[PDB]
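Here is the structure we will look at, set down as structure tokens.
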Amino acid sequence: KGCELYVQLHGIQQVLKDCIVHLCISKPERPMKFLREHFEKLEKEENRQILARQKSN
Amino acid sequence: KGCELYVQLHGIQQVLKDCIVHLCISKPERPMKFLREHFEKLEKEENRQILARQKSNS
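Those sequence lines, one after another, are chains A and B. For the first sequence, this note's numbering assigns the number 1 to the initial residue and increments by one for each residue that follows. For the second sequence, this note's numbering assigns the number 101 to the initial residue and increments by one for each residue that follows.
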């Protein structure tokens, strides 16, 4: 785990706990499509914070 | 607390464990885009295995 640092830098630790919880609620018939859509929302957020930092100078 | 079973039944632990490995190897700058793309490939498999069953179910 020379990747130890990347993981805390990106939250990651936390990100994957909230999937298990998201899945435990909905318990979908199709966890793989579910997680694609879940992470398609979190990719939308990821980008907002990106375009946002492309305004600070 | 019966997501213990849900997780068991869908082998969710093994799946999550592989995500964190794929990130730790590739260490992307954008890990959400990465993971959406990741589960996009895993979904396709899942839909290949679903439509395999509707064929042979009858």
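Just so it is clear, CB atoms sit at the ideal spot from N, CA and C, and this is done for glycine as well.
If contacts are defined as beta-carbon pairs under 8 Å, then residue i and residue j qualify, I think. What distance do you get, rounded to the angstrom?
| i | j | result |
| --- | --- | --- |
| B:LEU123 | B:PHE134 | 7 Å |
| A:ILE12 | B:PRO128 | No, A:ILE12 and B:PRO128 are not in contact; Cβ-Cβ is about 11 Å, not under 8 Å. |
For residue i, which of the options has the nearest alpha-carbon?
| i | options | result |
| --- | --- | --- |
| A:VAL7 | B:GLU145, B:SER156 and B:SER126 | B:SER126 |
| B:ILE120 | B:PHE139, B:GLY102 and B:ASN157 | B:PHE139 |
| residue 98 of chain A | B:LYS144, B:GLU104, B:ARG136 and B:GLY102 | The requested residue 98 of chain A is not part of the displayed model; chain A covers only 1 to 57. |
| B:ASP118 | B:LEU142, B:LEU105 and B:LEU109 | B:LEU142 |
Look up residue i in the DSSP assignment and say whether it is helix, strand or coil.
| i | result |
| --- | --- |
| A:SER56 | coil |
Going residue by residue through the region 101-131 of chain B, where are the continuous alpha helix (DSSP H) segments of at least 4 residues, counting only ones entirely within it? 103-110 and 112-126
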